[PDB]
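Novice: For reference, the structure I am asking about is given below.
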Amino acid sequence: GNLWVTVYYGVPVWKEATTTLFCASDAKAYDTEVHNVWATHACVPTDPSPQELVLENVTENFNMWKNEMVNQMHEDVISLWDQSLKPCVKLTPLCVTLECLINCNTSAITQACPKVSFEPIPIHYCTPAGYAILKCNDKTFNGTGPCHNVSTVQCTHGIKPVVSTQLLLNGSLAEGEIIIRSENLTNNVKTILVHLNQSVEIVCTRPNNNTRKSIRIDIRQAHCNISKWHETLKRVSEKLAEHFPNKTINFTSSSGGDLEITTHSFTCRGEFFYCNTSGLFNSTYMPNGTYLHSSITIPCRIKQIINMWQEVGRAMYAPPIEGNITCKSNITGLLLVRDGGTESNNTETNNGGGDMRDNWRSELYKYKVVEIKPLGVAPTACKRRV
Amino acid sequence: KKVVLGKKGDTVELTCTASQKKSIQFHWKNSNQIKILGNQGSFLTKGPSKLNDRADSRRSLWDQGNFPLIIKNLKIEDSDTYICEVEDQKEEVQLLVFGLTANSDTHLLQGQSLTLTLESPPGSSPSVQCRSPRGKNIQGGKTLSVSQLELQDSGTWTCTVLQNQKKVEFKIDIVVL
Amino acid sequence: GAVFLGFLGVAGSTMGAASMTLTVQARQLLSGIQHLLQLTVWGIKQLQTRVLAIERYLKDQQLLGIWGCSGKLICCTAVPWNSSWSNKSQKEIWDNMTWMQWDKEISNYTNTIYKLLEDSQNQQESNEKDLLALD
Amino acid sequence: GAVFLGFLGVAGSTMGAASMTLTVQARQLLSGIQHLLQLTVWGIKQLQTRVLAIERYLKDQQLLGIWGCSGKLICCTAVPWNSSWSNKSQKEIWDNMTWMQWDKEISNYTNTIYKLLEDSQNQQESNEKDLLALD
Ligand SMILES: *[C@@H]1O[C@H](CO)[C@@H](O)[C@H](O)[C@H]1NC(C)=O
Ligand SMILES: *[C@@H]1O[C@H](CO)[C@@H](O)[C@H](O)[C@H]1NC(C)=O
Ligand SMILES: *[C@@H]1O[C@H](CO)[C@@H](O)[C@H](O)[C@H]1NC(C)=O
Ligand SMILES: *[C@@H]1O[C@H](CO)[C@@H](O)[C@H](O)[C@H]1NC(C)=O
Ligand SMILES: *[C@@H]1O[C@H](CO)[C@@H](O)[C@H](O)[C@H]1NC(C)=O
Ligand SMILES: *[C@@H]1O[C@H](CO)[C@@H](O)[C@H](O)[C@H]1NC(C)=O
Ligand SMILES: *[C@@H]1O[C@H](CO)[C@@H](O)[C@H](O)[C@H]1NC(C)=O
Ligand SMILES: *[C@@H]1O[C@H](CO)[C@@H](O)[C@H](O)[C@H]1NC(C)=O
Ligand SMILES: *[C@@H]1O[C@H](CO)[C@@H](O)[C@H](O)[C@H]1NC(C)=O
Ligand SMILES: *[C@@H]1O[C@H](CO)[C@@H](O)[C@H](O)[C@H]1NC(C)=O
Ligand SMILES: *[C@@H]1O[C@H](CO)[C@@H](O)[C@H](O)[C@H]1NC(C)=O
């Protein structure tokens, strides 16, 4: 016959929004470790009732680059880092519009800079009311793909606060296997990301061993006796080939520049360990790798005058501690883009990452924040008296 | 990878493919994914960028599945990778636009000298192969100069610059008196 | 539904599932038959949420008012449907498009329906007076 | 309206203004699309207010119950007006006597109206039974 409308309440329909979310973060509120200091001051001890009420046959495109929840975590972290980390003398730049003399005059900013500590907190993200944080048990997606056997949460899972480049420390791991994240193969900047389904050992020790500080008118010299690993890189290459089929697989070019994009740059003693492109960056893949063959060696050392991943401009940290440091880790994956172009003939090379908005997005492809739209419309044969 | 080039005063074209040929949702977004130009159904979301005043697209073509993107009056800052994400892939153009000029403005004399300036955008390793009405193949990098400038050098100079597999022609106008 | 609210179904469960978990939420909550010196602030932040829950809860649970079914959990409106809007029948409807991917199909009529609904509410007011114009 | 409540109009704006800002309060909140060691106590005192807001909110937003329109924001009663009470028509009514200076004109019928209103509610109950006495 004819068709008429109904509308009703509460019928889980969670269209998009990406608003503020609150943390769930069990600090100690006692340890001087600034991680927990922030995790309690501006963050809150944990939520004990998360209910992953698993989805049925959803089809939702957990597009991992339209999730401003990730930007929100980003800005939360940038908020964390600065009362966390104390730059002695920050030389940040500025100009005020004057068409070409835009007054880019170096703004020096002095402060006080002692040490505290560094130890991540798996924080979690918590939708506001009427909002639901869709998760994803599938992780593949090609980058953009749903998940059958996941659903909502109340607060999220642990997403820690350490930052590093192409390779993390003390951080997440990968759930099922190694998958990748990108799109079109015409020009290919489109940074690719892998989550590596095993762990790896990275450990740097330096008790004193170098009492003599300078060389001329070494303590900053750090030797990272690590491991050996390689087979995870074989899984690396086999994946790469599964997406780069007919070509071999190199890296072949770490051009350089600002140290933080190329070198393994990771946070320990508040500072980082900066070496060249000599290590583990080399092998080619036609059906074999190209390297060789406990804590043996790899030479990544510390600097002091760093750049910020946060806002452009330098920073000037403190002289280090006498020695006896160590940091372990559990690599979740890696950060890579083809060193591509059009000069190339049938060898293929991947090459590097320094944008956090993905550095903490190999952990949030699942999380899609939504409101509720619990008012719903549908057809019936419902109409009133005349 | 597929580059384009400009001339600091020209326009340029950037391409987006689509197999349904149907005007489906595309968005044009630069390196770190600001929104620049986007098909929202049957509409174009002039994104919040440096290019809220310039960029555009041939609009008719969409119902064909070919979505373009132009950058009118290129200045060296519009030089950046872009991206088009029509359905499941993210085609990236890469635009490295520059321009060039000479030192002399209105007044020259015979036996004097003139120099060059090419306003490249960062990250470029070009090579300036430059010409003359007299066949002065000034072979070198950026700053091209010659110690001999004569009345016979009158007439503009076809200057060119190779930035990663392409060039684009140039005036170097020469007038006496 | 991940929170004090959204309590009439589970995500991924398609419509019919949530629609019926309505009544069992009812029937399940019907009968009822370390603490740190700065746990203060967590309790505090814990507070808002619950209030805001009720607040929003009402805030449109209220403005189901002009929609003629405030307070409750289940409307049935009185409007003629536009097959141009979804053109689907309860069978696939309730069993498919696990709502989150359901309403996006109609992400635009979001306010046209509020339009027609408050419109029919005013329609009822008009007929009430027409009917009362004699007795 | 200076507070979380009184949210259906602005002072000095006469009646019609507030009456219509009802629906736009609805439509405006529909889509949604230093900290000192003793800031504790301010948050604390900040708390009450919001609760009490909901509390009073309901507390008679509730007892619009016996008034037959609890929960909602807009009644229409069913009583015969006493021109002895205000003797004014919507035109000047809604456009003048910016309410604060409106109700003082009837500062006494304050409870006579509650009288007649709950009275007509009981009137409805009586007619419901009269009508049900056969089927
Ligand atoms: C290129 O790859 C295909 C598989 O995708 C393979 O069958 C083919 O043999 C390869 N080319 C050559 C020359 O082997
Ligand atoms: C819905 O259908 C009615 C008639 O069936 C028509 O008058 C009205 O314009 C339609 N509305 C929309 C939004 O399609
Ligand atoms: C729309 O509904 C009509 C009802 O007769 C049906 O015949 C038609 O196939 C439907 N079309 C779509 C696209 O749902
Ligand atoms: C829901 O969709 C699936 C696949 O599209 C189909 O097999 C199933 O029959 C649908 N449900 C109904 C009630 O038709
Ligand atoms: C969705 O598919 C699953 C597959 O096991 C099935 O159990 C379920 O019944 C389907 N959804 C609905 C609403 O029936
Ligand atoms: C339906 O909603 C979508 C949501 O983006 C919108 O793009 C589209 O234009 C709407 N339909 C029409 C006919 O405009
Ligand atoms: C109050 O007077 C002002 C004039 O300043 C006028 O604009 C406004 O309309 C008046 N208030 C109302 C509710 O009309
Ligand atoms: C109110 O009006 C009714 C009839 O309209 C009348 O019987 C009653 O006496 C009036 N009371 C007052 C106080 O005006
Ligand atoms: C009272 O109401 C009567 C009804 O016709 C009207 O004529 C009269 O002007 C009113 N007086 C006042 C003071 O409101
Ligand atoms: C309200 O009173 C003022 C002055 O007495 C008058 O100008 C205005 O027209 C009145 N409102 C109405 C609706 O008549
Ligand atoms: C109406 O209220 C006023 C308030 O001051 C009161 O003085 C007056 O007695 C009341 N009306 C009657 C008729 O009593």
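The residue numbers of chain B are those assigned by Swiss-Prot, with the residues present covering 26-202 sequentially.
Cβ from N, Cα, C; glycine included.
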Novice: B:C41, B:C155: which one closes the disulfide with B:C109 in Swiss-Prot?
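Specialist: Answer per the record: B:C41.
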Novice: Tell me the Cβ contacts of B:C109 (disulfide bond) under 8 Å, same chain only and six or more apart in sequence, or just say none.
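Specialist: Sequence-distant Cβ neighbours: B:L39, B:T40, B:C41, B:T42, B:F51, B:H52, B:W53, B:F92, B:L94, B:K115, B:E116, B:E117, B:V118.
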Novice: Quick test of your reading of the structure: among the disulfide-bonded residues B:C41, B:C109, B:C155, B:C184, whose CB sits under 6 A from ligand 9?
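Specialist: List returned for ligand 9: none.
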Novice: Would you mind listing, in sequence order, the residues at least six apart from B:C155 (disulfide bond) in the same chain with a Cβ closer than 8 Å to its Cβ?
Specialist: B:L141, B:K161, B:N162, B:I163, B:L169, B:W182, B:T183, B:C184, B:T185, B:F195, B:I197
Novice: Run through the Cβ atoms and count how many others sit within 10 Å of the one on B:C184 (disulfide bond).
Specialist: 23
Novice: If you count Cβ atoms within 10 Å of the Cβ of B:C41 (disulfide bond), leaving out that atom itself, what do you get?
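Specialist: Its Cβ has 26 other Cβ atoms within 10 Å.
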Novice: Relative to ligand 10, which of the disulfide-bonded residues B:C41, B:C109, B:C155, B:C184 have a Cβ found under 6 Å from one of its atoms?
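Specialist: From B:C41, B:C109, B:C155, B:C184, counting a Cβ under 6 Å from ligand 10 as near, there are none.
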